[PDB]
Structures are given as structure tokens and as C-alpha cells.
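Taking the form solved without ligand BFQ, here's one chain by itself in C-alpha cells.
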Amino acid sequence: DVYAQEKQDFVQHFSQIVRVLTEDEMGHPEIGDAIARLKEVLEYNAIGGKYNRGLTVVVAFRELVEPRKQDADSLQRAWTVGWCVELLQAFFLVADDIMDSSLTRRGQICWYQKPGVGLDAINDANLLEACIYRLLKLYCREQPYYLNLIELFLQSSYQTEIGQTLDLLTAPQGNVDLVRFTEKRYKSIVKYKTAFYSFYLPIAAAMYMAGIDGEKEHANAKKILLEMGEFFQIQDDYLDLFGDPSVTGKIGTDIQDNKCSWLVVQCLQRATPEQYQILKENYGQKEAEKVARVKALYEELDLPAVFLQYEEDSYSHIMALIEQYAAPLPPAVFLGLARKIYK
């Protein structure tokens, strides 16, 4: 697989990414100690995940570009830009983990939870953000898509930040209100907090690198990718509760955390006044006796079937979008991504 294959070269390029970002220490040894911490920040936070968003940039670049323009440098820039997406993600996860008072990320202790870190991780998160642009300058300054990538990563940060503000306003840290749990809000949080940075940003970066800078091509790609974003999160929320924790490699947290999940949204859309009250109680509770009750109400409301139906219609919808908006790009750009997301 394009992904399974290149995952090695992508992860092996990280050694250079680090060497390169820890090279301004040469002229200024005065800040060596801060760069030593900056190294530790990257090693701990950019490494450990699936690298799929970062890999998408590499994969999409190969697919969008004529094989003769794929020289040593072009690929060095594709891996780098791929890494910038991972670095952007590392910056959000470090900060999101602080904000939601989390204990683990990828089964490991959250960076801020590590001794000697704590709220210093707020600065660490900022340094991860700074590196996107440091690399972008180091590898793409002379490229004609340079300004386009800076603006893309910047728009992408803003979009996520807006999404996060929306999420935070919707599900506060100790507020059992389901009035603000509307589908219009769920769809909105997903567009801003996840869909944009996870699906639009990686393909869009490759597009700019390929010379595809047109507003219409990007609008067409944005149309397709944002809908893939929407499904990804809906499936993520379904799998959170009904997924097999062996294959998923994670156990259900959603209900216990008062999350505006797709499941609750649907539950709230299809619930008798008493069923609303049953939820109004058991939601946001750490107690296994209470978590079991919601799981049971969702099941009673045939949400696994409502999800199955949604998955069918969604894949049917994405194909319609790919048909309509992929042109003039290679449909494979989108088809490859959809295959990895759907089942």
C-alpha cells in the first residue's frame, strides 16, 4: 500500500526534520538549552501516531505530479510539508490534552502530565506551531507555492481554533446541557475542528506543490474533502462506543466526557420526553452503571443500524462528489483516501 510502503521513508525523514530545526543552535549556542527542550518536544509529540495526514501530502503529491518532476528535492519538500501537517497536529493535541485535562494520548502519558512539564507545555505547543513555518521557510522559500502554503497552514490553524472554541462553548467542563447539542452544531464543530485540517489541508498542500493553485480546484477539492471529514468523525464517534477495542486499539470515553458525539445528537433527535430525561441523567457520568444505561438507550434506538444506513448513504454521497468535483485532478487522489476511511 502507497501508505504502508512510504510510512518508513516518512518516519525516517523525521530524523532530518529534527536535525534541521535544531540547527540555529550553531550560530547561537546561547539558546542551546531551549533547542535541547525543543528537540525533546518534537521527539515526544510528533512521533507515536499513525502519520496518515502527513502521509496524505506525500501520496497526493506523487499522484498529482508528473514522475519526472519528482526529483530528490521535490520529494524532500513533500516529506517536509507532510511533517508540517504532523507538527500542526502535534501542536493541537498537546494543547487540546491540557484544555480537556487528559491523562493519555496514544496510550502514553500526555506531554503536560510528564514531570517538569505541566503548563510549560502551552509554550511547547507554540514551538510545535513555530516549526511548521521554520521548515516551510527552510525548504520552500524559493518555491512559487511558498506563500500559498504559509496561508494554507495559517487558515488551517484558525479553522481548527474556531472549531475548538465552538466545541468548548458546546460541551463545557461540567455542564450537562443538551440544548446546544444540535446536528447543525455537531456538523459545524466537525468542519472547523477536524475536517479542514485532517482532509482539506493535506491534499491542498500537495495541490499547491503541484501547481494546482486555482480557487475553483480548491473549492472542488474542499467540497469532497470536508464531507470525508464529516464521515471520519461520525465513524470515530460510532466506533468510540460500538467498536471492537481490539481492532480499534481504544476503549469508550465519549459519554463519560459530555462529548457532542454523533451518537448523542441522533439519540436527542429520536427520543421521547422520558428518553430525554433518561439521557439528561446518565450522560457525563464516570460510573460504569450509568455509562451502560446510555449504551443500552442508543442500542434501543437502533443507532448502530442508523449508523450503518448513514455509512451507506455517505459513501454513495462521496462517490457523487468525486464524480462531480475531482476533475481535473486524478480521482485516485480522493478514491485512495476514501478507501482508507470507509470500513
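Here, rigid core means the biggest group of C-alpha atoms that superpose within 1.5 Å across both forms. In this text, residue numbers run from 1 along the sequence as written.
According to the PDB record, 104-112 carries the higher mean C-alpha B-factor of the two stretches 193-201 and 104-112. In this entry, 261-269 shows the higher mean Cα temperature factor of the pair 261-269 and 157-165. Among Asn148, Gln89, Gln235, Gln256, the highest C-alpha B-factor in the deposited entry belongs to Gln256.
Note on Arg62, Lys69, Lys39, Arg53: the highest value goes to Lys69, judged by CA B factor as recorded.
When the modelled residues of the chain are ordered by C-alpha B-factor, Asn282 sits in the highest third. Annotation for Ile35: C-alpha temperature factor in the middle third relative to the rest of the modelled chain, per the entry. In this PDB entry, the Cα temperature factor of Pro245 sits in the top third of its chain's modelled residues, the highest group. Sort the modelled residues of the chain by CA B factor and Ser74 lands in the highest third. Ranked by C-alpha B-factor against the other modelled residues of its chain, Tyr310 falls in the middle third.
Missing here is the form solved in complex with ligand BFQ; even so, the following discussion is about that form.
Each of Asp96, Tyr197 and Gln233 is positioned with at least one heavy atom within 4.5 Å of ligand BFQ in the deposited complex.
Residue-level contacts in the deposited complex: of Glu183, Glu151, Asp100, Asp71, one residue has a heavy atom within 4.5 Å of ligand BFQ, and it is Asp100. Think of it this way: in the deposited complex, ligand BFQ has a heavy atom of just one of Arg105, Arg134, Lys187, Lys222 within 4.5 Å, and the residue is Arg105. Comparing 187-195, 269-277, 72-80, 138-146 against ligand BFQ in the deposited complex, the single stretch with non-hydrogen atoms within 4.5 angstroms of it is 187-195. Heavy atoms of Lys216 never reach within 4.5 Å of ligand BFQ in the deposited complex, leaving it off the interface. Under a 4.5 angstroms non-hydrogen atom cutoff, ligand BFQ in the deposited complex has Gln164 among its neighbouring residues.
In the deposited complex, ligand BFQ lies farther than 4.5 Å from every heavy atom of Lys114. Superposing the rigid core between this form and the one not shown leaves a single residue from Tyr192, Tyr238, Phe181, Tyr139 with a C-alpha shift of at least 2 Å: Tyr238.
Core-superposed comparison between this form and the one not shown: the Cα of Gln309 travels 2 Å or more.
With the core superposed, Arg53 shows a C-alpha displacement below 2 Å between this form and the one not shown. Shown in the overlay between this form and the one not shown, fitted on the rigid core, is a CA shift at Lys223 smaller than 2 Å.
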